[PDB]
K.L.:
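One structure follows; several queries about it will come next.
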Amino acid sequence: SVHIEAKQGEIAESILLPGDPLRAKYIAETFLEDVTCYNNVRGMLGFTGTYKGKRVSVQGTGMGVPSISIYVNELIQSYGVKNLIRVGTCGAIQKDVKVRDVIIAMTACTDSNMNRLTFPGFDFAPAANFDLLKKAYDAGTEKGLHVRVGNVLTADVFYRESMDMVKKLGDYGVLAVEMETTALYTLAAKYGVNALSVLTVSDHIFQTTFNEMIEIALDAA
Amino acid sequence: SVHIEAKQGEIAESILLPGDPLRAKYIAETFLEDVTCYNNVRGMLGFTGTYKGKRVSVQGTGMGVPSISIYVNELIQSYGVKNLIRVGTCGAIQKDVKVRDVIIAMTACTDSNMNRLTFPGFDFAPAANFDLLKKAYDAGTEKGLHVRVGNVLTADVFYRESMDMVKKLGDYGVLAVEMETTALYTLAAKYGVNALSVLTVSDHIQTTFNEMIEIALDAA
Amino acid sequence: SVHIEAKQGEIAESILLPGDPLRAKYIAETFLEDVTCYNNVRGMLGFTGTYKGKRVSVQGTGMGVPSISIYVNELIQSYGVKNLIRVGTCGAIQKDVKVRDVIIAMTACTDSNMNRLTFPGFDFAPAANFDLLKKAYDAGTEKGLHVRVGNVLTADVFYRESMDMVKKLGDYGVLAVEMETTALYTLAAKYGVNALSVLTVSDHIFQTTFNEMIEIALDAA
Amino acid sequence: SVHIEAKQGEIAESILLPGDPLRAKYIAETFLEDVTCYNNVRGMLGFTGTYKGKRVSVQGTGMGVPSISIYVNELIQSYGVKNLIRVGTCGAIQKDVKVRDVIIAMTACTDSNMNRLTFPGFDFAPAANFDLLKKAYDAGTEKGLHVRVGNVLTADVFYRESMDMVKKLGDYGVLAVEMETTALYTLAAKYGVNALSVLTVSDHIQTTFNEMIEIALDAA
Amino acid sequence: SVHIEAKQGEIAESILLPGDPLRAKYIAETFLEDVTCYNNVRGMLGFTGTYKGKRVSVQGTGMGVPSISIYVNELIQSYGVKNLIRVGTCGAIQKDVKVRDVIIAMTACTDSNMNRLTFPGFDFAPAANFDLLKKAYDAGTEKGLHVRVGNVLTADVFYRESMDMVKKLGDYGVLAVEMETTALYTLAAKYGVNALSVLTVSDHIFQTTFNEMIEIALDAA
Amino acid sequence: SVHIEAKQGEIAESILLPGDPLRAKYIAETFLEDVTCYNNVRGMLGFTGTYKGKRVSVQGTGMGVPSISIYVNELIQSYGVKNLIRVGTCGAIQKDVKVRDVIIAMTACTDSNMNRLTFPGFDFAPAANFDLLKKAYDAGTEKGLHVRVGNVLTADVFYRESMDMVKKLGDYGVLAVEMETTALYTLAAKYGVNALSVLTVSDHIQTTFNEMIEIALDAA
Ligand SMILES: Nc1ncnc2c1ncn2[C@@H]1O[C@H](CO)[C@@H](O)[C@H]1O
Ligand SMILES: Nc1ncnc2c1ncn2[C@@H]1O[C@H](CO)[C@@H](O)[C@H]1O
Ligand SMILES: Nc1ncnc2c1ncn2[C@@H]1O[C@H](CO)[C@@H](O)[C@H]1O
Ligand SMILES: Nc1ncnc2c1ncn2[C@@H]1O[C@H](CO)[C@@H](O)[C@H]1O
Ligand SMILES: Nc1ncnc2c1ncn2[C@@H]1O[C@H](CO)[C@@H](O)[C@H]1O
Ligand SMILES: Nc1ncnc2c1ncn2[C@@H]1O[C@H](CO)[C@@H](O)[C@H]1O
């Protein structure tokens, strides 16, 4: 495809989607066997390997709705991928969400215009695939992780002049801020494939755990 | 409160929210014991009774975001309600959603402006309380119902000049159309209380209904 | 129709539209003769009777644009209704509007998205039928009521976090807040039929009279 | 004021507002006595004279919301004007509206952003002063004119790539298109003064004009 | 055309566009020879004359996007005009822009809805014709003027309740406020013709020079 | 900074901003001397070296408004960068724009919400720094390149369901589509620093690239 140089058939139907291509490399090296690197276009590393007997891929997405949209569109439309699990980080809005918590996004709010353009006059709520969500939730519960299932903000702007609306979203139970989920969920829905975002809380607005999170994402995917 | 004539303490912390006040009456009569009617203001019947030893209420909401918003605000702010489960109907958008399926809304899209006003420049995605959602899903699964968990459209307009965008939403996996969930989920989130919508597919764009009420009561 | 169980021909061409179905019952019982109840679907009572020799109906609408839109669409499209007069309550924004004043809405502002969806990029101003408006105004004047003709806000939200914009609308002469008029006026205009809203001021944001208001609405309709 | 060179007190409390400054000249010459021209800034002629014993002014506004907004703001805030009646032309959308009909705008739709900026998230419906509207309607009726009271479109764009939405507005009873009323009505409402627009249908998408000026003067 | 009474062929392919029709008269009288007045419809004076051997026209536009849009549409579509240079005034937002500075607008921000209607969901940035811009910039530089090339605000509202957003735009380098440029640039782009706005700073939000500015606009056009 | 591991002073005041970090590497290797790599966080390579006696940096931005916004904010606010020149690719909308043409963006349209959030109710037109634009234009002209100065679309979506609006923008003279300029120009304006985007037409909806880098370095 335009941004992925990997053949037909080189990418597995199940794929993990870290924002950071170097985390894709870390995931492939740490968890996968029989690994090949299928992409280095724009340094956006993608790998395919085997995890407990199943082929799985792991592909960097870059940061932000537009970047992940490129890779997700190409993965689905050009490579026939069917299960896509973002594995990322996020920033907690509120005090009850703690660093190293694992957040599974049921849905995502956004300041992106991507869905207003597609559905003028409507608020589109991007939804996780429930089957994948349940699978990841159960795996995370079994793993002994602090797993929170809920709402996140998919932000276009990492640096905001005022965090007032972010705080307000926190008051309406939005757990954390990140920069990809709206796109992943919307595009997965568009193409009738299955998506989920599993996030580690790395900071506040106001690794051993990461490995466990990758494990539950691998298990789900 | 303005639209509910109940005395303090007469409404249970767990409440079912049918759109139709006559369905509230049906639910109270069919499933509850030790029933009292606590509201007849605007004919919007509300009841409290006991289900398997727990006090539970059931309150009509009327149709549409503005109507349910009134009742949900009053229930939360004036009556200290904590768990709110809409029990409603919806119209399937897609072929794979069948009449009498039970839909549990994870989230809701909307053509309402309610959230654009509150969060200018943002798309707010109203989210179900996951704990309640899981509880209802597990109950419905155990019950042997066809339960679908997914996205719904909360519509302001029942009669649309064109259903092009509704069809498009169906193409993006939106399961069905109804007229309340956005408001219920948003206001519950605002006040830090727990909400869920459990819906019977009644049309396309009863025995089933009883089983759905049962799982809503159980989750509630 | 979907929400009205009344036959063909059971609903009169002129109809009053209280938000409260129990007010429909009150109106039918108090003012009409030869009354039949043609609807109890969802408890949304509708009646037809005779007032000074003319058949007239009275139908609850419920609260809010979406609720009244349902009934108005069905009344016009399924029952051939031609003159629709909402008879409601409203909350005064400003000090110069007094409790028990009768407001006749020339037009309505709104926070609803209903018209932005229909006319993207435009502000649609829903307008009363002038003939009905004049008729009601003259009847109210003759009756000795305090009648104010002007602008109202049709609100989606009864409970607002901040009343700042409502106050601002009051500063621009918007008289009162209610929750139906935009829909009634827009749909009446769509179908080329005649609508009006006559409102009693019941509260501030910051019965003998009701009967007189029903009388002028009956006279107009 | 910035765009009007009149001294304090030179402008009457009642004023007619044609879009065309040459029509202001025509109105002053044709109908008024004891006339003075109080403004020629930007050629936007303004006059004050006497009509049946009352001082009245007549001021060109130019075309479009931004142009009329300038003059109306200055007239209200700098000159203490209280009654403002636009006397203009418009283009009929619908077949049932005929050339030379007089339209009295009860309200106006618009494609302008002026009110979305002031009231974010709201549709503001600019409303005529009912007292003035009734006065003009009664005068026009008495005059034997075809007078239509209803909705108009205040357009930012005279030349539109597609008139689909204009046609749609006509389907919702919008009578005619013009380019000022939204601004006049909104600003009059802002400042608690009285405004009306009385329009002659000149096209579809004089003797009549004189009679319309007469009813505007009478209402004014 | 509807608003211009001048024949076919009476208007030159190059035209200056002052907002004030009396400035059109001043420009024609002061700079042009062999002058004819081709329009007095609505007092919106338009002239054609000769400047250094070339026919050029000068046409008032009135104030505001809607007014200039009328004249620009008619000039392009009915009279085949190809080079359009607005010559106007503007109000400086910020302290570093001085009275009597000449501003050449590269682009314009706006509170107008004109472009949101044309390109729903998009921000359209109206752009000057670079060739004309360069020509005017070089002429202004040669003339010894203080010429600033940059961004302006095309306002619908001259009188704003709050100047907060205008100040904010000034903080983002927007130089001055005026009321025509968005329309001129957008319509010129629509029809594939060449436009520029050259503005004299006449005021702050918070003639010898004018003649020199007209001279550079004449030279460019 | 959060996404750049450079020590204070390691990044030059003048910087080139390719979307592709591997192009940053190519630029540093091909054109610069005394090169150090100051960043590998997220593989988003950044280098500083010397070009004709001046320190200059080159930093990958990634694709899309949100990605470039992160880097540009950090470069300006944490590293005191003053002159920022995006060196990118774009897709021609129109027939008259040819592959390998160099486009210098005077401004950018966008489907991003970034500026609607900052300036509600306004269309913000992000503008290049004219001084830099002129410098690059003159360099490109001198170089014998086909240089077009004009409007571009900064897109959030590379893959669009319909390219109708993109075609329409091309009809209004928008030259090409790319995915960063709106952000770069807006943030540079916010912080009072100087930005420009110089783009190679790579597709429709190298030797050329080297010459373009050269003019960007010269302007920088
Ligand atoms: N506080 C935060 N705000 C926005 N994105 C964040 C935050 N913390 C982590 N992220 C994630 O990391 C990247 C931005 O640093 C994005 O891909 C985003 O998903
Ligand atoms: N097809 C449908 N469209 C909209 N609402 C529906 C539909 N079917 C059932 N409903 C539900 O029933 C009521 C409208 O008839 C609303 O309360 C709504 O939730
Ligand atoms: N203050 C108020 N705000 C909104 N709606 C009101 C108010 N007072 C009366 N109403 C009317 O009564 C109902 C809400 O109580 C709606 O149908 C509405 O029209
Ligand atoms: N068809 C029309 N479209 C828009 N404005 C019109 C029309 N006919 C007359 N007008 C009025 O005349 C001027 C535009 O020619 C404006 O002041 C406007 O109010
Ligand atoms: N401060 C200002 N605000 C808006 N427009 C201005 C200003 N100064 C001059 N103008 C220009 O002059 C007219 C408004 O007085 C408009 O045509 C506009 O372009
Ligand atoms: N046709 C195109 N559409 C969008 N972006 C493009 C195109 N061609 C090149 N680009 C640029 O390349 C990247 C997307 O491939 C973005 O960084 C963008 O600026």
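Both counts, for ligands and for their atoms, begin at 1 and track the order of listing. FYI, side chains are in, hydrogens and waters are out, and symmetry mates aren't considered; it's all heavy atoms of this structure. Chain A is the first sequence line, chain B the second, and so forth, proteins listed ahead of strands; every chain is numbered from 1.
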K.L.:
Please report the shortest heavy-atom distance between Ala105(C) and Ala128(C), naming the atom on each side.
P.N.:
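Closest pair (atom of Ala105(C), atom of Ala128(C), distance): O-CB, 3.4 Å.
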K.L.:
Under 4.0 Å from a heavy atom of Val177(C): which atoms of ligand 3 are those, numbered in the order shown and with their elements?
P.N.:
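Atoms satisfying the 4.0 Å criterion: 2 (C), 3 (N), 4 (C), 5 (N), 6 (C), 7 (C).
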K.L.:
Please check: side-chain N/O of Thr110(B) versus main-chain N/O of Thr154(B), any donor-acceptor pairing under 3.5 Å?
P.N.:
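Confirmed, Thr110(B) side chain pairs with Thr154(B) backbone.
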K.L.:
Is the shortest heavy-atom distance from the side chain of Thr89(B) to the side chain of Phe209(B) under 4.5 Å?
P.N.:
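Counting from C-beta outward, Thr89(B) and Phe209(B) never come under 4.5 Å.
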K.L.:
At the 4.0 Å heavy-atom cut-off, does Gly19(F) count as touching ligand 6?
P.N.:
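Contact check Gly19(F) vs ligand 6: negative.
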K.L.:
Could an N or O of ligand 3 be found under 3.5 Å from any N or O of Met179(C), whether backbone or side chain?
P.N.:
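Yes; at least one N/O pair falls below 3.5 Å.
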K.L.:
Between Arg86(F) and ligand 6, which part of the residue brings a heavy atom under 4.0 Å of the ligand: side chain, backbone, both or neither?
P.N.:
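For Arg86(F), only side-chain atoms sit under 4.0 Å from ligand 6.
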K.L.:
Parallel, tilted or perpendicular for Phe158(B) and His3(C), by the 30°/60° rule?
P.N.:
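Correct class here is perpendicular.
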K.L.:
Please tell me if the side chains of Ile103(C) and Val198(C) come closer than 4.5 Å, counting only heavy atoms from C-beta onward.
P.N.:
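No, side chains not in contact.
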K.L.:
Indicate yes or no: does an N/O atom of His3(A) lie under 3.5 Å from an N/O atom of ligand 6?
P.N.:
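N/O-N/O distance below 3.5 Å exists for this pair.
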K.L.:
Return the residue, atom name and 0.1 Å-rounded distance of the protein heavy atom closest to atom 1 (N) of ligand 3.
P.N.:
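Atom 1 (N) of ligand 3 sits closest to the protein heavy atom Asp203(C) OD1, 3.0 Å.
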K.L.:
Considering only protein heavy atoms, which is closest to atom 9 (C) of ligand 2, and at what distance to one decimal place?
P.N.:
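Result: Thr89(B) OG1, 3.2 Å.
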K.L.:
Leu16(F) versus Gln59(F): any side-chain heavy-atom pair under 4.5 Å?
P.N.:
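Not touching, per the 4.5 Å side-chain cut-off.
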K.L.:
In terms of atom number and element, which parts of ligand 3 are under 4.0 angstrom from non-hydrogen atoms of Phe158(C)?
P.N.:
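Going through ligand 3 atom by atom, the ones under 4.0 Å from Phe158(C) are 2 (C), 3 (N), 4 (C), 5 (N), 6 (C), 7 (C), 14 (C), 15 (O).
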K.L.:
Is there side-chain contact between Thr61(F) and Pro18(F), with at least one heavy-atom pair below 4.5 Å?
P.N.:
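When only atoms from C-beta onward are counted, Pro18(F) and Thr61(F) do not touch, as no gap falls below 4.5 Å.
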K.L.:
Mind checking whether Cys90(F) has a heavy atom under 4.0 Å from ligand 6?
P.N.:
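In this structure, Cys90(F) qualifies as a contact of ligand 6 - some heavy atom is under 4.0 Å.
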K.L.:
Where does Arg42(C) meet ligand 2, judged by heavy-atom distances below 4.0 Å: at the side chain, the backbone, both, or neither?
P.N.:
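The side chain, only.
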K.L.:
Taking the side chain as everything from C-beta on, heavy atoms only, tell me whether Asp203(C) gets closer than 4.5 Å to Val99(C).
P.N.:
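Sidechains of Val99(C) and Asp203(C): no contact.
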K.L.:
How close does the nearest protein non-hydrogen atom get to atom 17 (O) of ligand 3, and which residue and atom is it?
P.N.:
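For atom 17 (O) of ligand 3, the nearest protein heavy atom comes out as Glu180(C) OE2, 2.6 Å.
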K.L.:
At under 4.0 Å between heavy atoms, which part of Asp203(B) makes contact with ligand 2: side chain, backbone, both or neither?
P.N.:
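Looking at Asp203(B) and ligand 2, just side chain atoms fall under 4.0 Å.
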